[PDB]
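*Asks:* Right, I'll just put the structure down here and ask away after.
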Amino acid sequence: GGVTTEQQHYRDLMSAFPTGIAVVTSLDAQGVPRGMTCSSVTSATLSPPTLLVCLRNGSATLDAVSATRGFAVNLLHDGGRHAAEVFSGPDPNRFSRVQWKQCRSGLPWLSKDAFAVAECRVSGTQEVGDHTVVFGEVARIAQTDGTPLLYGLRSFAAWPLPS
Amino acid sequence: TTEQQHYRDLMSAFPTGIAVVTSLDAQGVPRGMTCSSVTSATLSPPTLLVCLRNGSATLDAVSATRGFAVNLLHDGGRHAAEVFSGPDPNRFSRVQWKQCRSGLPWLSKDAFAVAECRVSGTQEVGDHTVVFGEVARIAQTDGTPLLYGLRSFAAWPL
Ligand SMILES: Cc1cc2nc3c(=O)[nH]c(=O)nc-3n(C[C@H](O)[C@H](O)[C@H](O)COP(=O)(O)OP(=O)(O)OC[C@H]3O[C@@H](n4cnc5c(N)ncnc54)[C@H](O)[C@@H]3O)c2cc1C
Ligand SMILES: Cc1cc2nc3c(=O)[nH]c(=O)nc-3n(C[C@H](O)[C@H](O)[C@H](O)COP(=O)(O)OP(=O)(O)OC[C@H]3O[C@@H](n4cnc5c(N)ncnc54)[C@H](O)[C@@H]3O)c2cc1C
Ligand SMILES: Cc1cc2nc3c(=O)[nH]c(=O)nc-3n(C[C@H](O)[C@H](O)[C@H](O)COP(=O)(O)OP(=O)(O)OC[C@H]3O[C@@H](n4cnc5c(N)ncnc54)[C@H](O)[C@@H]3O)c2cc1C
Ligand SMILES: Cc1cc2nc3c(=O)[nH]c(=O)nc-3n(C[C@H](O)[C@H](O)[C@H](O)COP(=O)(O)OP(=O)(O)OC[C@H]3O[C@@H](n4cnc5c(N)ncnc54)[C@H](O)[C@@H]3O)c2cc1C
């Protein structure tokens with residue numbers, strides 16, 4: 001397309017746009033829980049309510065989401081750093097390292113580390129380089145009070161002010 | 001609707017940085033808007049996305065010229081965020097800005113970083129368009145990011 005910025009320049013830029021932190025979960029086609037830490041969550045539209053997440057091609061989580069067409073977005077509170085670490089690290093059995101429950105849909109809900117969970121139906125996808133944007137039409141939301149966890153400038157932080 | 005309100009309440013609790021996304025329209029006029037939907041998409045090549053309302057002046061400009069700038073606001077930039085989200089006309093007369101060599105508007109006083117992007121694709125979703133921006137050039141300085149979350153502005157705390 002033309003000149004591209006060096007990957008380190010891009011990483012430095014995007015490190016300076018802080019975000020909340022989710023764990024995006026699903027079941028694979030055999031019913032096994034899958035999930036990953038995800039900071040690339042944003043709102044797409046209100047009609048109907050649709051968010052998006054951007055997941056690596058070949059990841060276990062995207063494989064499950066693509067096959068089953070459902071996923072949950074678990075928004076982490078300020079007590080959820082360890083869950084974010086578990087779900088981005090090398091442990092082979094991540095759901096043994098967090099407290100979690102299964103909703104009627106089967107989707108994993110990190111009910112001790114997340115202050116909100118949105119259950120979503122996949123309504124579309126768009127491949128982009130090594131990743132895929134997944135559009136999720138929100139079907140159900142459970143939300144409680146909590147201070148959001150943040151990630152920015154290569155560090156965890158908490159949203160700094162009370163509700 | 002009630003479903004829409006529940007969704008707004010959810011997404012309000014996902015805080016973010018704040019950008020002003022700028023472009024030139026097909027007639028050369030600067031356009032832009034406040035944007036919190038900046039999202040990293042991939043590194044091959046480095047590509048971010050934004051979600052812009054269909055029919056917005058900024059989306060029309062981005063679509064016409066196939067380029068845009070993402071100006072990341074520092075914690076002194078609330079006023080620019082308000083100008084670029086509010087109803088009052090003549091936004092560019094209400095901020096100090098300069099033109100990059102490419103022509104794209106750079107909010108030099110309110111932003112700590114500016115990324116110049118080429119539009120590599122667009123996908124409509126409901127009444128919005130997801131715009132994929134392949135990043136071509138970045139100017140970045142130290143700065144403390146402005147944040148927006150829980151229906152308020154704040155500053156990155158570290
Ligand atoms: C703050 C933050 C934000 C992130 N945001 C995103 C995002 O938006 N999108 C995205 O795609 N990624 C993101 N990641 C990276 C993502 O969390 C990890 O790549 C995660 O490992 C993907 O898990 P998976 O099970 O889907 O994938 P896989 O890579 O398929 O991992 C399969 C399983 O292998 C194990 N495993 C994982 N990594 C290793 C390893 N290095 N060595 C050995 N075993 C391993 C785990 O049990 C994992 O469940 C983020 C990470 C962080 C820290
Ligand atoms: C959208 C996304 C995709 C990811 N894909 C992978 C992956 O394929 N394999 C893997 O092992 N880990 C992946 N990760 C995890 C990533 O490599 C970092 O470990 C994590 O983002 C935390 O990085 P850091 O901010 O502390 O610093 P850095 O690694 O310097 O990253 C700075 C910022 O750059 C962006 N970024 C970094 N890596 C990627 C990437 N691969 N794609 C898109 N944006 C990126 C993020 O916004 C991140 O916060 C991904 C993260 C994100 C947000
Ligand atoms: C924190 C935050 C984040 C946001 N994030 C996003 C995002 O990611 N995506 C998105 O699409 N929107 C977002 N918005 C909303 C967006 O900034 C505004 O809708 C903005 O007005 C769009 O500008 P435009 O010039 O492209 O639109 P237009 O509606 O085409 O407005 C044209 C011009 O008319 C004036 N004007 C604007 N609104 C009105 C009005 N209601 N009545 C009369 N004149 C008006 C302004 O001068 C504007 O430049 C966000 C707002 C906030 C506060
Ligand atoms: C991606 C995005 C798109 C937007 N599109 C428009 C638009 O088309 N017209 C307009 O006048 N203003 C739009 N806005 C501005 C928006 O309506 C709010 O005025 C602004 O986000 C500040 O709201 P708030 O967070 O304080 O509270 P709320 O209005 O409660 O919004 C909470 C969150 O809900 C989501 N959201 C709100 N409105 C929209 C929307 N219309 N489309 C998608 N997600 C939304 C965002 O994630 C926002 O942060 C948009 C904002 C964003 C982030």
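Residue numbering restarts at 1 for every chain of the structure tokens, chains are lettered A, B, ... in their displayed order, and ligands are numbered from 1 as they appear.
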Pick out the chain B residues within 7 Å of chain A. Count only C-alpha atoms. Give them as a PyMOL selection string.

*Replies:* chain B and resi 4+7+13-17+37+39-46+51+125-128+134-137+145+157

*Asks:* Any residue with an atom at most 6 Å from ligand 3 counts, using only C-alpha atoms and all ligand atoms. Which are they? Put them as an MDAnalysis selection string.

*Replies:* chainID B and resid 32:37 51:53 56:58 84:91 148

*Asks:* Could those selected residues go to a file with N, CA, C and O atoms, as a short mmCIF file (atom, residue, chain, number, x, y, z; two decimals), in the first residue's frame?

*Replies:*
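The resulting file, again16.cif, is shown below:
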data_model
loop_
_atom_site.label_atom_id
_atom_site.label_comp_id
_atom_site.auth_asym_id
_atom_site.auth_seq_id
_atom_site.Cartn_x
_atom_site.Cartn_y
_atom_site.Cartn_z
N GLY B 32 -12.64 16.53 11.38
CA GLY B 32 -12.20 15.60 12.40
C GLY B 32 -13.24 15.42 13.47
O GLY B 32 -14.20 16.18 13.57
N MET B 33 -13.01 14.41 14.31
CA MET B 33 -13.91 14.14 15.42
C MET B 33 -13.14 13.48 16.56
O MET B 33 -12.10 12.83 16.36
N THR B 34 -13.70 13.62 17.74
CA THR B 34 -13.23 12.88 18.90
C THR B 34 -13.60 11.42 18.74
O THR B 34 -14.72 11.10 18.33
N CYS B 35 -12.66 10.55 19.08
CA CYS B 35 -12.78 9.13 18.76
C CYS B 35 -12.11 8.33 19.87
O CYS B 35 -10.92 8.52 20.15
N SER B 36 -12.87 7.42 20.48
CA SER B 36 -12.33 6.51 21.49
C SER B 36 -12.29 5.07 20.99
O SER B 36 -11.88 4.18 21.74
N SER B 37 -12.60 4.84 19.73
CA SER B 37 -12.63 3.49 19.17
C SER B 37 -11.33 3.06 18.50
O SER B 37 -11.28 2.00 17.87
N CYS B 51 -13.84 3.18 14.46
CA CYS B 51 -15.25 3.00 14.10
C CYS B 51 -15.87 4.38 14.02
O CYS B 51 -15.87 5.11 15.02
N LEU B 52 -16.34 4.77 12.82
CA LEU B 52 -16.88 6.10 12.60
C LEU B 52 -18.32 6.01 12.11
O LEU B 52 -18.68 5.16 11.29
N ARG B 53 -19.13 6.97 12.55
CA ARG B 53 -20.54 7.01 12.18
C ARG B 53 -20.72 7.25 10.69
O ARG B 53 -20.13 8.16 10.09
N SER B 56 -21.04 10.80 8.76
CA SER B 56 -20.31 11.84 9.43
C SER B 56 -19.34 12.54 8.46
O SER B 56 -18.80 11.94 7.53
N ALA B 57 -19.14 13.83 8.71
CA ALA B 57 -18.19 14.59 7.90
C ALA B 57 -16.80 13.98 7.96
O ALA B 57 -16.09 13.95 6.96
N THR B 58 -16.40 13.48 9.12
CA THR B 58 -15.07 12.90 9.21
C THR B 58 -14.98 11.62 8.40
O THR B 58 -14.04 11.43 7.65
N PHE B 84 -14.10 18.74 19.51
CA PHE B 84 -14.24 17.79 18.42
C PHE B 84 -15.33 16.76 18.64
O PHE B 84 -15.52 15.91 17.78
N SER B 85 -16.10 16.87 19.72
CA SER B 85 -17.29 16.05 19.89
C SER B 85 -18.57 16.86 19.97
O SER B 85 -19.64 16.27 19.99
N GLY B 86 -18.49 18.17 19.97
CA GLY B 86 -19.61 19.02 20.28
C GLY B 86 -20.26 19.61 19.05
O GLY B 86 -19.76 19.47 17.93
N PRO B 87 -21.41 20.26 19.25
CA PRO B 87 -22.24 20.66 18.12
C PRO B 87 -21.78 21.93 17.45
O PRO B 87 -22.22 22.22 16.33
N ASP B 88 -20.93 22.70 18.10
CA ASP B 88 -20.62 24.03 17.60
C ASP B 88 -19.81 23.92 16.30
O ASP B 88 -18.98 23.03 16.16
N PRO B 89 -20.06 24.78 15.34
CA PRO B 89 -19.30 24.71 14.09
C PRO B 89 -17.88 25.24 14.23
O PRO B 89 -17.46 25.74 15.28
N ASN B 90 -17.14 25.13 13.12
CA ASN B 90 -15.82 25.74 12.95
C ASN B 90 -14.78 25.20 13.94
O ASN B 90 -13.99 25.94 14.52
N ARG B 91 -14.73 23.88 14.06
CA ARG B 91 -13.84 23.26 15.04
C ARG B 91 -12.38 23.66 14.87
O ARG B 91 -11.67 23.89 15.86
N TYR B 148 -10.86 8.56 29.08
CA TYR B 148 -12.30 8.71 29.20
C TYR B 148 -12.87 7.38 29.64
O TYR B 148 -12.56 6.33 29.07
#

*Asks:* May I have the residues within 12 Å of stretch 67-69 of chain A as a ChimeraX atom specification, using only C-alpha atoms and disregarding those fewer than 4 positions away in the same chain?

*Replies:* /A:25-34,60-63,105-107,119-125,134-137

*Asks:* Excluding residue B:111 and residues on its chain fewer than 2 positions from it, collect all residues at most 10 Å away from it, counting only C-alpha atoms, and give them as number ranges by chain.

*Replies:* B: 18-20, 70-77, 80, 97, 106-109, 113-114, 140-141, 143-146

*Asks:* Could you tell me, as a list in words, which residues of stretch 10-153 of chain B DSSP assigns to helix (DSSP H, G or I) when given the backbone?

*Replies:*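 Taking stretch 10-153 of chain B and keeping helix (DSSP H, G or I) only, one gets residues 10, 11, 12, 57, 58, 59, 60, 61, 62, 63, 64, 65, 78, 79, 80, 81, 82, 83, 91, 92 and 93 of chain B.
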
*Asks:* Using only C-alpha atoms and all ligand atoms, pick whichever of B:158, B:150, B:48, B:131 has the shortest atom-to-atom distance to ligand 2.

*Replies:*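 Of B:158, B:150, B:48, B:131, the one nearest ligand 2 is B:48, counting only C-alpha atoms and all ligand atoms.
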
*Asks:* Please identify all polymer residues within 12 Å of residue B:27, counting only C-alpha atoms, omitting same-chain residues fewer than 4 positions from it, and present them as a list in words.

*Replies:* residues 23, 31, 60, 61, 64 and 65 of chain B

*Asks:* What does the file look like for those residues with N, CA, C and O atoms, as a PDB file, in the first residue's frame?

*Replies:*
ATOM      1  N   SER B  23      -8.825  14.429   8.973  1.00  0.00           N
ATOM      2  CA  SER B  23      -8.545  14.194   7.561  1.00  0.00           C
ATOM      3  C   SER B  23      -8.835  15.480   6.824  1.00  0.00           C
ATOM      4  O   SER B  23      -9.239  16.479   7.424  1.00  0.00           O
ATOM      5  N   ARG B  31     -11.370  18.150   8.436  1.00  0.00           N
ATOM      6  CA  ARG B  31     -12.453  17.547   9.186  1.00  0.00           C
ATOM      7  C   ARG B  31     -11.870  16.714  10.317  1.00  0.00           C
ATOM      8  O   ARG B  31     -10.741  16.241  10.221  1.00  0.00           O
ATOM      9  N   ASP B  60     -16.711  10.844   5.780  1.00  0.00           N
ATOM     10  CA  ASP B  60     -16.737  11.210   4.370  1.00  0.00           C
ATOM     11  C   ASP B  60     -15.365  11.683   3.903  1.00  0.00           C
ATOM     12  O   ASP B  60     -14.941  11.374   2.788  1.00  0.00           O
ATOM     13  N   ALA B  61     -14.653  12.429   4.745  1.00  0.00           N
ATOM     14  CA  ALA B  61     -13.325  12.912   4.392  1.00  0.00           C
ATOM     15  C   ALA B  61     -12.330  11.766   4.325  1.00  0.00           C
ATOM     16  O   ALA B  61     -11.536  11.666   3.375  1.00  0.00           O
ATOM     17  N   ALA B  64     -12.948   9.802   1.218  1.00  0.00           N
ATOM     18  CA  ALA B  64     -12.583  10.497  -0.005  1.00  0.00           C
ATOM     19  C   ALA B  64     -11.083  10.454  -0.222  1.00  0.00           C
ATOM     20  O   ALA B  64     -10.612  10.143  -1.318  1.00  0.00           O
ATOM     21  N   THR B  65     -10.306  10.766   0.804  1.00  0.00           N
ATOM     22  CA  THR B  65      -8.878  10.914   0.613  1.00  0.00           C
ATOM     23  C   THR B  65      -8.107   9.662   0.992  1.00  0.00           C
ATOM     24  O   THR B  65      -6.925   9.570   0.685  1.00  0.00           O
TER      25      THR B  65
END

*Asks:* Tell me, in Å to one decimal, how far atom 46 (C, counted along the ligand's line) of ligand 4 is from atom CA of residue B:38.

*Replies:*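 Interatomic distance, atom 46 (C, counted along the ligand's line) of ligand 4 to atom CA of residue B:38: 11.7 Å.
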